[PDB]
Structure formats: C-alpha cells, structure tokens
C-alpha cells in the first residue's frame, strides 16, 4: 500500500539533484523526497536560522527594504553548467507590484545561498527597467520566475504575476543574470492586471513542444486558482491554446482590474476545484512546476493545493502528466503513487465512473463528481449522455456536451478508499478537462 508524507510548500518549484527531488517555494520554504510521495520538510518560513539562507534578513536586506516585506515570494532554483545552484528570489509588498527580483548562488542545493544582487524591480515611482515610467498595466510584477535551459542550451527566465503580464528574458549562462538591453523582456501573455501568474515552461521530447503552464485566478480558497497550459515550438513563443488563440493577446479590458471574464475563455484549463464523491478533493490547486524524467519518459505536475473544508491549509501534491493523441498533456485524476501507463482492453475500462467536468471558467466553486457509465455498446449514460471509445494502447475519445475529448486511461491508487481504480483524463479543443475515476476496483 502506498505511503505519503506531507509537506507545506507554497508555489513549489521542482529540481532534481543527486538523485533527490527538491521543491523550493514561497517564504523560503523547501522539501525533498526520493519518490515524489514521501516528502521531508527542510524549511518553512523566512527567519534567522533558515538553512537555505540562515542570515536571510541581512543577506537579502536590499530586497526586503525595496519590497517593504518581511517574506519572500515564489522562487526558482536551477543548476547551471558550473554545477552551482542559482536561486531566483523575490519579494513583494503584497498590496501592489512593489517588488525586487534577485539572484543568489549556493554550492550545495540545501544552501547556504549567497546574494549576487537584485537585477529587476517593479513598483518604483519613476523610470522602470525598460526606461519608460513604471506602469503596472504594461510592466510586470517582478516575481514568480522560472529559469530554464531550452533544447539548444540557451538559458531563459519566464516570470511575472498579474500587473502587466508574463514576460521572458534571455539569460547569461555564465553569470545567471539577463543578457543586456532587454528591459523587462518579451511578453507572452497578459496585461491590465489579469489574474495570471506562476509561469512554468516544460519541453516534451516526444511532441517537441514547449508547454507554458500558468495559474489563472486567485490563490486563496475563494480565488478560483486553476492551472492552464499553452504551447509553442519555441521556448519564447508565440504560445497558443488548443483553439489556436494567441496567448499574447489575452488580457483584461483596458482600465479594469482582475477582469476574469476577459481571460477565462483562453488557455487549456487542466484542473479546477473538485471532489470525487464529496470525499476530500482540492480547492485552488495551482502555482505548479513540472518535471520530465528522461530515464522513464514519465512527466509530473507538482503544485500546492487547498482542500474542501480546511480553510487556507495547503500541501504539495504531485500528479502524473499523460500525453493525449493531439500532443496536449492531461493530468491523471489521482496523486502519484508509482503507477505507470499500461495496455488496457475494453473490459478493463467498461463500467461506472465518477465524472468531474472542470469546465473553462475561473471559478471558486467546488465541483462535485457525478456518476456516468461507459457502456459496452460505446454509449455514455447517467449524468451525461454521449459516446466513447478506447483506441491504441490506452487512449480514450469521448463525445459529451457538444464537444470531443481526447485523453488517456490510467490505473491509479485512490487514497480515499485505499484501492486501485481505473481512471481517464481528457481534453477538448475548447480547452476544458474531464476526469473519470471508476466505481469498480
């Protein structure tokens, strides 16, 4: 029987070193595991003695002073070619995009990290890093970085939260700082205080797309946080959703703040708030990272989540990512327990399921699963009427609610009944996800 050990790390950013997985999150929090199931908490908050930066208030004083905050927001740690660990740290006042983004470097992944300096600021009253006066409708909040190598070995950093949008900068592979002359870099999506943050870019060698993951909505339990994805053949875009909408054009209306209605039609929404059979479930799952394992070919979505009825409590969750026939990733409905893709036959997948329809909205509503049956005759009955078929090794196609969904079947552990179940997870061109988890073991 699978065993989990939980940790609390907001906005987890995954990195593997020395055969061990680490997550680095906000508030200088971190955790590690060798199996992605049993995590050990390393650090939890910004304070004297935090092992990652034990003198943090002195070490990063310029950042705390600029941001007028006593904590840190969502970092990234990335190993560069010198073998050292580069932490892109940031702080934000919280009520406005008054933020600083800097670089610290460690010899060892668990610290200590040493400050190399601030290299981006937002929320100044005056000249911004692009030379024009700072304007949060068009300039980023300098937080939430992800620094990554593309398949050509070029180093990039994508970043941003709300404010002027999500931007990407080309980075110096030797110093870890941005190449000169870029200002805030190139916009990928957003503007006008859109609720979009937590960018993360992952390349998949089979489809040869870069996937731009991002979180729409608000992180709190009333915020409707949801992970969405878009893709491009290039690390720096242009990024498109499954309807071919250009992410660069997605933003709230001029003169508005947090215009969710304008942005929610866009992107492929992978997961919102849900509860299978009203047992446990997730609320505002989001701010993800993602990992592709070259050895196994498996991919993983790593994120934090809140929970129905548990207020603002959050923990790290890991779900396997599968790849549908169209080259869009689908999230396995249950957390990772060591399971792998297998050949399924018709008798394996026929039967009753709990169905979650995540939809395409930004919504704080917790969506309850409803019962359907995948009948032997290829029809879906119960909560919805439709059709389905299994193709290839383990692909599913469903037709429901006027749409066609392409996805993948996967046997998983259900941690609410302590039993193995059959699942499917699929996506429509329209960008909404459906999950099924079988009533049968």
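Positions refer to the first chain, counted from 1.
A.B. asks: Name the higher of the two by mean Cα B-factor in the PDB entry, 246-254 versus 292-300.
C.D. replies: Mean B over CA atoms: larger for 292-300.
A.B. asks: Using only the Cα atoms and their B-factors as the entry lists them, report which of 176-184 and 225-233 averages higher.
C.D. replies: That would be 176-184.
A.B. asks: Based on what the PDB entry reports, which of 111, 327, 97, 164 has the top C-alpha B-factor?
C.D. replies: Each of 111, 327, 97, 164 was compared by C-alpha B-factor; the highest is 111.
A.B. asks: Of the options 154, 193, 358, 317, which has the highest CA B factor as deposited?
C.D. replies: So the option with the highest C-alpha B-factor is 154.
A.B. asks: Using the B-factor values recorded in the entry, state whether the Cα atom of residue 189 falls in the lowest, middle or highest third among the modelled residues of its chain.
C.D. replies: It belongs to the lowest third of the chain when residues are ordered by C-alpha B-factor.
A.B. asks: Lowest, middle or highest third of the chain for the C-alpha temperature factor of residue 61?
C.D. replies: It belongs to the highest third of the chain when residues are ordered by C-alpha B-factor.
A.B. asks: Of the three thirds of its chain by CA temperature factor, lowest, middle or highest, which one includes residue 350?
C.D. replies: Highest third - that is where residue 350 ends up once the chain's C-alpha B-factors are sorted.
A.B. asks: Consider only the C-alpha atoms of the modelled residues in this chain, order them by B-factor as the entry records it, and name the third containing residue 3: lowest, middle or highest.
C.D. replies: As the PDB entry reports it, the C-alpha B-factor of residue 3 lands in the highest third of its chain.
A.B. asks: Compared with the other modelled residues in the chain, in which third is the CA B-factor of residue 81?
C.D. replies: Top third by C-alpha B-factor.
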